[PDB]
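J.: Before anything else, here's the structure in question.
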Amino acid sequence: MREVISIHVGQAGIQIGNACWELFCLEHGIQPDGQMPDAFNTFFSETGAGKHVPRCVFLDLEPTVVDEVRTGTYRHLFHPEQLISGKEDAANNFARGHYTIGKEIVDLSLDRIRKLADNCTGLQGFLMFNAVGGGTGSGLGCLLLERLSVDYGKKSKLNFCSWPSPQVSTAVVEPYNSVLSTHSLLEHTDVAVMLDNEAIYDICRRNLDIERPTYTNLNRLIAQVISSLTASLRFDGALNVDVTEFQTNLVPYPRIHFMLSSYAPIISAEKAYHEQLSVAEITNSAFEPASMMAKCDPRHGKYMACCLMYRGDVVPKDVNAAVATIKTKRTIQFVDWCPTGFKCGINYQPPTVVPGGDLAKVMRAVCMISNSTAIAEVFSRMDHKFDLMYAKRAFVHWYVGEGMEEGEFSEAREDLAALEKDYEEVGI
Amino acid sequence: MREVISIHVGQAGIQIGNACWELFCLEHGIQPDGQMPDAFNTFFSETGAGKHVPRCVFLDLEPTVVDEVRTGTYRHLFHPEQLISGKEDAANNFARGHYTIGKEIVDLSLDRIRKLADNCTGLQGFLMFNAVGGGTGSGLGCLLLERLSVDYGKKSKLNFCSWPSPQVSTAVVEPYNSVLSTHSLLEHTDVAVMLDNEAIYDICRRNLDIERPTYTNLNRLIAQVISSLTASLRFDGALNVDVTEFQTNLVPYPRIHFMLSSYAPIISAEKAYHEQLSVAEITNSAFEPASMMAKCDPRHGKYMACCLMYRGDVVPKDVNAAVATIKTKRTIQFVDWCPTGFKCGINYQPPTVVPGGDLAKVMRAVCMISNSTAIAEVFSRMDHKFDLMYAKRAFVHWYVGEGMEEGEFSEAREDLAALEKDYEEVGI
Amino acid sequence: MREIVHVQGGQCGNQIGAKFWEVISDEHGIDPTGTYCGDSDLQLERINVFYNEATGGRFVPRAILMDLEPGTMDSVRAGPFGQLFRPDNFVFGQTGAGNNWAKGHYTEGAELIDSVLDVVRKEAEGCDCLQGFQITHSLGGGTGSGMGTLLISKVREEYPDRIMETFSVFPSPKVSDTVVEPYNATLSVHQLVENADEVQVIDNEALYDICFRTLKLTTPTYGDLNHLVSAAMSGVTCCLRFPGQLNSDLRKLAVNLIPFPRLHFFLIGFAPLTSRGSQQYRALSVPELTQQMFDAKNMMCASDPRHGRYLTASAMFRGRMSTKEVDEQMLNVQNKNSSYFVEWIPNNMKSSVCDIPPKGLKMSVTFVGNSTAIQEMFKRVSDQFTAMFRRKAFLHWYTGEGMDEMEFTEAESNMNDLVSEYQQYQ
């Protein structure tokens, strides 16, 4: 009836999707088999005698990460044809994922998406997970988006991009992949949320006090954000928000759809014991610049629009009291042309904790998605790094020899230059 | 009262019949001896003290296929003179099976058929099972159909042909055998269904995920189609049809009685766990072109008439809703002069599973028998391959020296040429 | 049921046939005493194809041993599995045709042929209804090539409609025993083209190549070479003796192989063939097996198949195996090796599955292929024949015993046209 389709492309998309689907199964109480011992209808189908199968597709060109899902604990939760694998990796090349090897797998991907989308009309939208710095997450991610745009025009397309960090890279050619992806996700994505790796690293180091987390601890935190985003579709609330109403409330002009994230509280079991988790204080911690999930300080930006999703035993009077304090605070500033810069949502169902995970059971939480003009700096840093790389034509022979022509570098650079000037003109 | 007589000619006929009669015995709950510990009366005869003998004849010139039935588990199921054996093989020669070693076995076969048909007059018709590409399946198939046409003139005669595949043949003389058989199947059978071997190979590869199927797993799938075809004669249903009303509903013109098959769902224990098997979805999979069981893509043809046999927990309102969805879908083409392109049929008893087989327990299933103009390709490709062989008279001396006259190749070819023009003229 | 009468002619035919009865008796589980052992029904259900009940429980082969010299038939009797044959089925000769085709066919063979015709009629007519004959002989010698082919002519006239399969070893290409090879070979072929239904070619030099390069045997005797030929001879009659998923008799193979009646000369191959060292290292599966089957290094005729086209070929597989891999690999070879198959015959390959593999192996195949690469041997032995005939070398050991000059010219004409007809479809 009302559902959303999840697309996971690349290694980062799959492993974040693995943590996302573990949380979704546990919160709705279905086992790894898929049988529980109409709230689940937005994420799970019905298959015969009480079995539920997720509405997701797993796409990678390299088989190693999808084989290990297919042989793990969750073998029979997923449909065997929803896990699509290639033969050879894109190997950190946008050109490989887009032109050379990418086209052989997109046909199989569109067949699965069409069969999953035709079950009911009033399909709410598509949630895409990808890594911008990778090969197949960037290349094949773009290629899927042209074909989705031509077929399913009016349907909303939300993207959760694992953006490259300011300092940490784990790739050398990723400034090339990032600028090429950002050009092509301007015209193919309705709402893009930036998730940065070092932002989750330092959030886990100060808040949860874990000195050595890994990628699986990053993915639990990402899963909590997505669960809080789509909580209003799944459960009843006092003031619910739909996914089509995010783009109405957070996108002022078509080219500005790059938003941050924040989640609060993320506190461990030893710290939750001592905190009164009031609605006023969890919303203060949400707007704190050190608790943001993109590593982009909003103090040198102006907030254009902000969306607050409260979840748990939150009364609407404490929301109004808390958001008034934020508006009056002077270190956080709003843009002049947007006087009412808030969208509030309250949901009843408290956040579910995974056993053996590192978050604590909390009675209420906030997820914040905010559009700001601070995104000028995150494009400016790659604009510096891309210009350094391209000035004496390094690593270009890998792209040019593989099937893309020289000049898509130039077109992508000027499009990013146009985006920088657009953010500057809005903030005046 | 009302019964049907099964004739199995050739090696393929016998081994398909072995799978067919193993399914029929388990569905009516009779033991291999033939005694159960009047719905079954359409396939089995009463013979004294609760004991049931099948109404079938096994005819082959080779003893090596029938002797294993005589010595197998089902020794005393069959009456010993229902299993008729010759001495020497037809050896992939139509001329051998029709002229030379033909007359010694057909006289004994007609004696058994007459004794089996005179028990309860009002019998429904004849089922013939044969391989078109073989020697005795094609040669003796003509001779027995000629003799049955002269004796039982007003009778229904259904033929299940294991037609040769486009690419895989496992003989060389099959362009000669197939064109010569179709000349004698045009004037002497009433309804012919084409089954292809590599069609069932690829069905078992994608739907059951068996990469190495034997002849036994093809024959189980054929047995399930025939059981679902004759389920209305054996059991009570909401809307039943017998074999006489197939001709009224599927054959628009006297020469056009070539039919395809599809069966859905064919799912293993891995897939039955995760699918809902709703009436809407199993009928969508029935019309899917890669689930057809003849290797003849119906996208480039027009459906002349279609007959759907639902079996199981099927309500008639979901049938009407599901057939309406098919009509509104634009990827199928119906012919303009057949508006009422569908015959529906509902039976109550769910399809039976052989223990230790490869199918799973399904609650409802569909068997589809369709007449289409896509059959022009399956006869034109065989028309081409006969042209290549006969271009300089390869393998002809085995036929012509051994009893048939040069010119019967030419007469059979012009008959097939007439059939090609007939399919083209109807589709306009 | 269906019955094959075995005839073994010449020294080569007797020693290759002696090992054939060793391999068939072991496969059916017959003790050299003639008793059955092995308590399995499938072994005994089709035994009348090669054996006869003797009302004492024992099984005697339907085999006729024929030679013009008493030496080598005594050796077959004295060996193991030599007491199996009926003593009356041995027909001696006393003097012996000293490597002379003329004396084997015209003079010395003539006073013995009435006696061998008596014994072959006694065994042939004694059952219900016969299926065929099988004859094993050599086309280099005197009694195997001369009086062996005389028997072929006489038994074709008596039984015109029955098949007649002959396992003939040809002269070796490079180095030769029995210096009058091309005289014996050419004189035998021209009336074996008109009297034999299917003819399967073996070369000794191909067998030596197999035993060096594949089997890696250091000292291959004639015992080991005959064992290889016997393995292939058992594979062609697998379907008669055991049940199968896709059955194919000898006449089924004949109709599927020979497009025109003049050309019925076949190449034989066997797989798998691994050394003792490499037995435990090798993959036994259908795709590997078809690759060893279509190798020049595995064919039992020393004529390279890549120089011609396979007109049609057939593969008799044995063992419990899946029929899609039996189908798809035969499609795979026609797509990959497009140039080595003829174009006006679609789907040139024939497949057959017999369910009982040979002892010790899980899976085996015998390959019979009708190739136009067999014209390389017919050209070669024609040139050797024409070299010697122009100068009339060694001719008066044929001319002297009643074979005139014109039949040599007829033999060359009847075999040069066979070379030309293979070129016609090349």
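Start at 1 and count along the chain as shown; that gives each residue its number.
Determination method: electron microscopy, 9.3 Å.
The backbone N, Cα and C atoms fix where each Cβ goes, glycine too.
The following feature annotations were taken from Swiss-Prot:
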- A:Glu245: active site (ACT_SITE)
- A:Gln11, A:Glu62, A:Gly135, A:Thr136, A:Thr170, A:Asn197, A:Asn219: GTP binding site (BINDING)
- A:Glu62: Mg(2+) binding site (BINDING)
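For each feature listed, report its degree of burial, its nearest neighbours and the pertinent distances within the displayed model.
T.: DSSP assigns A:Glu245 (active site) to a helical segment in the three-state reduction. Around the Cβ of A:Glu245 (active site), 15 further Cβ atoms fall within 10 Å across all displayed protein chains.
Applying an 8 A CB threshold to same-chain residues 6+ apart, the list for A:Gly135 (GTP binding site) reads A:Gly10, A:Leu61, A:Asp89, A:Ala90, A:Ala91, A:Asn92, A:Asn93, A:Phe94, A:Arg96, A:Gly97, A:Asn177. According to DSSP, A:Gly135 (GTP binding site) is assigned to coil rather than to any helix or strand.
A simple way to gauge crowding: the CB of A:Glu62 (GTP binding site) has 18 other CB atoms within 10 angstroms, across all the protein chains here.
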J.: Which whole-number value in Å describes the distance between the Cα atoms of A:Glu62 (GTP binding site) and A:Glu245 (active site)?
T.: 36
J.: Counting all other Cβ atoms within 10 Å across every protein chain shown, which of the binding-site residues A:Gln11, A:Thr136, A:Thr170, A:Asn197, A:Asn219 scores highest?
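T.: The largest 10 Å Cβ neighbour count belongs to A:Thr136.
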J.: Could you state the whole-number distance in Å separating the C-alpha atoms of A:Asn219 (GTP binding site) and A:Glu245 (active site)?
T.: 26
J.: Pairwise over A:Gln11, A:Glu62, A:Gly135, A:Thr136, A:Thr170, A:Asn197, A:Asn219, annotated as binding GTP, what's the top Cα to Cα distance to the nearest Å?
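T.: Result: 22 Å between the two most distant Cα atoms.
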J.: Cα-Cα, whole number of Å: A:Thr136 (GTP binding site) versus A:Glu245 (active site)?
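T.: Computed Cα spacing between A:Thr136 (GTP binding site) and A:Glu245 (active site) is 30 Å.
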J.: If H, G and I count as helix, E and B as strand, and all else as coil, what does DSSP give for A:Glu62 (GTP binding site)?
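T.: The residue in question, A:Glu62 (GTP binding site), is coil (DSSP, three-state).
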J.: Hey, how far is A:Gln11 (GTP binding site) from A:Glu245 (active site), Cα to Cα, in Å?
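T.: Distance between the two Cα atoms comes out at 30 Å.
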